[PDB]
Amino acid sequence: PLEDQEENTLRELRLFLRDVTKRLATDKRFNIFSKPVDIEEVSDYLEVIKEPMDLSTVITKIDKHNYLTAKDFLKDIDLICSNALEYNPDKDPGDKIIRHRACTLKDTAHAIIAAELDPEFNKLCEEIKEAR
């Protein structure tokens, strides 16, 4: 029914985003991004990083209906990668691995969205998001 179109579209989007996020969170390369940085083990993390983000929080935000478009979702993936580059110094090999992995996460997420979402469906999501 036409009156159910908005809800049906967003449900489809959320299902897709939840699948994408699960694919990222279970990828061994991105394990360090799968849960919030432990603010007690990394005692200076919140001093440096104003808006923490991680893949488990992205799942929650999907379920809280925070994302109306794939671009909305990608902003938080980009934040996860941005946080890693802002926080971690480029000193030791462990730092370099995390920083590289953050960029790989970003590239991988953007590539999945570009490959698996119909541009026409995205216009529909934008139209819905533009009506609210």
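Numbering starts at 1 and runs along the sequence shown. Between two forms, the rigid core is the largest collection of C-alphas that superpose within 1.5 Å.
K.L.:
Between 3 to 11 and 123 to 131, which one shows the bigger average Cα displacement from this form in 4 other deposited structures of this protein once the rigid core is aligned?
P.N.:
Relative to the shown form, the greater RMS C-alpha distance in 4 other deposited structures of this protein belongs to 3 to 11.
K.L.:
Relative to this form, superposed by the core, which stretch has the greater CA RMS in 4 other deposited structures of this protein: 80 to 88 or 36 to 44?
P.N.:
Of the two stretches, the larger average C-alpha offset in 4 other deposited structures of this protein falls on 36 to 44.
K.L.:
On mean C-alpha B-factor from the PDB entry, just flag whether 48 to 56 or 24 to 32 is the higher one.
P.N.:
Higher mean C-alpha B-factor in the PDB entry: 24 to 32.
K.L.:
Between 120 to 128 and 5 to 13, point out the one with the higher average CA B-factor as the PDB entry records it.
P.N.:
It is 120 to 128 that shows the higher mean C-alpha B-factor.
K.L.:
Among 95, 76, 38, 86, which carries the highest Cα B-factor?
P.N.:
When the deposited C-alpha B-factors of 95, 76, 38, 86 are compared, 38 is largest.
K.L.:
According to the deposited entry, which of 43, 82, 69, 104 has the largest Cα B-factor?
P.N.:
Going by the entry's C-alpha B-factors, 43 comes out highest.
K.L.:
Please rank the C-alpha B-factors of the chain's modelled residues and tell me whether residue 91 sits in the lowest, middle or highest third.
P.N.:
For residue 91, whose C-alpha B-factor we compare with every modelled residue in the chain, the answer is the highest third.
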